[PDB]
Structures are given as C-alpha cells and as structure tokens.
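Alright, two takes on the same chain below, each alone as structure tokens: structure 1 and structure 2.
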Structure 1
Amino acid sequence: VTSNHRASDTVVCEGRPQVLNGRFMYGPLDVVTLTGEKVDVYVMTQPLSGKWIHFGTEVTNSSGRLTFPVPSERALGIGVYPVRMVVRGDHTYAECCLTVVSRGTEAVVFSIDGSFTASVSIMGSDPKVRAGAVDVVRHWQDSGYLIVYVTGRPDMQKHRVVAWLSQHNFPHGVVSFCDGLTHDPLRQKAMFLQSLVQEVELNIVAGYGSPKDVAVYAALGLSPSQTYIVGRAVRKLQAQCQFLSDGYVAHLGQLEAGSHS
C-alpha cells in the first residue's frame, strides 16, 4: 500500500529551539500506521545547493507521529530550508520547509477553503481556482510579507492540496492543516494562528478568507479593516470585515493603489 507521509511546515523565531514534526501513514485514508520505526531527518542547509545534510534519527510512536528537535549546535539562522524525512525501512519520505524568522516578522494569512476556490462552499478534489487569487497572494509576497496558508482539511489530504497550490502557481508559503482527529477546523485554525503570534512572535497584519474565517481572525485580535472576506451577505459582512463584493481582480487593483485600508 502506498505511503502517505506528511511533515509540518515549521516556523520558528531565531534563537528558539527548532523542532520538526511529521506523520507516517500508509494508504489513502490512513488505514495503516507506521509505528516504532526509524526515520532519518535531512535538511538542505544551503537551500539552493540541492545538497542534503543528515541531522539525526527519530522513532515513530503508536499513532505514527514523530517529533525531532534540531540539536542547538546545528540550529539554522534566518531563512527558509527544505526538509526531508526518510523512513529507513522502505526509503519512503515526507517533505516540508523549516522557516526561521526574526522576531516580529510581518505576515499575511490566507484561509484557503472557499477563498482560493471559485465556490465559497463546494470543493471536491480539484476545484476551479477563483479569479485573481494568485495575483493577490503574489502582491503580498512581493510587498515583503511572509505568506501563511491555513486550511480546514485534514493533513491526510496534504499531498493533493499542495499539488493543487503548485498546479495553479501559488507563491511558496507556510502551509498548515487540521490534524484529522478532532474535527473543529475553525478551532484548529485559530489555535494554530495564535501559536504563531504568541510563540513564534509573528506580526500577522492581515487575514483573507470566507465568511466562516471572520471568527478565526477576530480571535486573533485582527481588526475588521485588516480582514478581507469574499461571500454574498453584504450588510452582515460589511459590519465585521472588509467585504470583497467585486472579487479579487478589482481588489488587486486597490492593493496596487495602496488604497485597501
């Protein structure tokens, strides 16, 4: 049965302990779990070199999970580093990035579900990408903001979601998923983002999403003027956020004009 491993994008403020997490599973729905097996951890310390450096080894636990502390002697400085976790038993692997940021680094969050998709509501395995969404994200990255993507989907679906993001040429960013265990995705998204602010000390300056995401951003203390939302309920949404009634294309026009707040 085919591997379905996933490693979490790690974002950490420099000077802090750096920890990589992964999960090792077999089959499309996580039917088989990889337990008590060795996984070798590689980092591409020079991100453009293509050269892998062996950092260490860990063992999966009963639910297939792995947590790897980077030895402080090998801590990475500010940057974005490709990471590969390789199961020693069958040479299967998972990939992710370690993002090291300086304290107070500024970021924009995109809550993907129904926001990057043409439909606000219905998304099957490949949905149509909403018009202008890639340009809006690329705008923010070009303006110097760290791009963070959040989704309500379980990380079991990560490989396909990332292929979808790549297929449509979305900028590279931090991608975060739900654990597939509790099924309160809004709650999961909120806590992840709060950990970003409180633990890694990000300055999240703006949030994009669908009407359900408004609570997520409210929970972070983000003001209405920093909350950019697609959808249809005009009067309801106008009261709690910046409603993009015309879609992303017109909105891109306003971003480029610097008249978005």
Structure 2
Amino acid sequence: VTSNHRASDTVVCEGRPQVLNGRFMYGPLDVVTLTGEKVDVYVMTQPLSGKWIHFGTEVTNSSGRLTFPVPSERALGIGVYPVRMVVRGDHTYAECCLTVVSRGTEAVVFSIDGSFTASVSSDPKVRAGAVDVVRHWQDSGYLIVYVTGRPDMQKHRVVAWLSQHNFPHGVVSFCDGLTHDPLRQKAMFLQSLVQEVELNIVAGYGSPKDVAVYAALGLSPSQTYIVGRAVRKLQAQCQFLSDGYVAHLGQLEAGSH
C-alpha cells in the first residue's frame, strides 16, 4: 500500500547531458510495480528557495523505471539541486539531488556498510569517529561519494540511517537489485564516475571485500582504507584502520594522505 519510490542521486560534469533516473513501487518488498504512469519531474533550481520548477514528464516502463533527460535549455550550472519526482496519479514522490561539477572534481568514496557499520541487524551501530572522518574530507574540499551493495529498494532506510547519525550530504548510489554481483556493479559505477563524469577519486574506504573494488578502479594501496585489523592476504594491497577512525583522523590532519 505505502509508496516506495526512489530517485538516483545524479552527479554530472558541466556541459554534459543531465539524466535523472527513478523507480516507482509500492509495498515493503516493492511487491507492486508502478507500470506505465506519468511522473512529473521537479528541480529546485534555486537550492535554498524552496520553490519547485516543473522540468517535464515521463512514463514508467514495465519495471516501474523512469529515465528523464533534462532539456538543454534548462541544464543546471555547477551546484547541488534538490529533485523531486511526483506520481501524477496519487501525488506520491521520490527525492534526490542533482550535483553538477567542474571537470576533474576530486572525490572520496565510502562503502557504507563496510565503512560505517560496527554491528549487524535493529539499527546497526555506527563506528566511532566515522562521521568525523567523512566530515573531514568534505570540509577539505572533496566530493563525498557513498556506495553500497544494497538494492535501492532499501534506499529509504539507508538514507534515514545516514541522516540519523548526521553524516555529511553526499552522492548516494545503490545497486539496481537485479545484477546479483554487487562488487562488480560498484566497481563499474565508480569507473563510470571517473570516465563519464571525470571525477578524480583520491581515496577509498570500506571493508576487506572492497579492496577488489578499489583495486579495479586503479586506486593505490596507500589510497585504500580498510576497517579492522591487518589481514595477511591483503598485506600490501591497502591501509588498515587498525587503531580506529579517531586515530586515523589525527593522522589525516597531520597530513598523512
């Protein structure tokens, strides 16, 4: 019964086509699919104004998915813009941000569950000092990118958790839920960030499974930060945060990176 819509946080290099994506579903399991419906797409072009601008309309396909191209004459310049997509039939919606960047914008990636969770589920507990480390990278001039292997069906819950513990705003990306190979889906997403969006990814955080993702991107072991105690098989492939995030933060502020 309850709507479970999501829209993808989109990051895009200036001058390039701007495409917004969304998926529209009802139910806990997304049991109902919203097929063939009109969805109106709004952008808050003046991000602090609270005023929505209608940009156009699309129709969901058989899987409830939506792809919306921003008309060239309405392309947004550099900045971060709220986006809201509204189902015309019931006035339900999804929200996300459109982030427009200059070429070569520098970013840092955090794998959510691997980087931030301390326990399993019941809201997982957050690792101590995690938020401050992410906040340190943002205040230092880096675009924050959050990736997770979870399906975007779970986006509402994941974002609520990030927001509850006060994580900095960033670009959040999930798996489509259908690939069955999340590690490669993440690697490919981050590659697309570097190749199509032209981001310069300077550091990667996660747990042991993420080393293969960051390695596939071309990150060096010194730029790869992995939570927990050193693991022998991974010895030269990454930096282990053996002492925790608080200690790691002091090391970053003495200019470790």
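Shifts are known only where both forms have a C-alpha. Numbers given to residues start at 1 and step along the sequence of structure 1. Under this definition, the rigid core comprises the largest set of C-alpha atoms superposing within 1.5 Å between the forms.
Comparing C-alpha positions between structure 1 and structure 2 after a rigid core fit, one residue in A215, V234, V205, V31 moves 2 angstroms or more. It is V234. In the rigid-core superposition between structure 1 and structure 2, residue position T182 carries a C-alpha shift of 1.7 Å.
Per-residue C-alpha deviation between structure 1 and structure 2, core superposed: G114, 2.8 Å. Identified as moving between structure 1 and structure 2 on the superposed core are the stretches 119-121, 231-238, each made of at least three consecutive residues whose Cα atoms shift by 2 Å or more.
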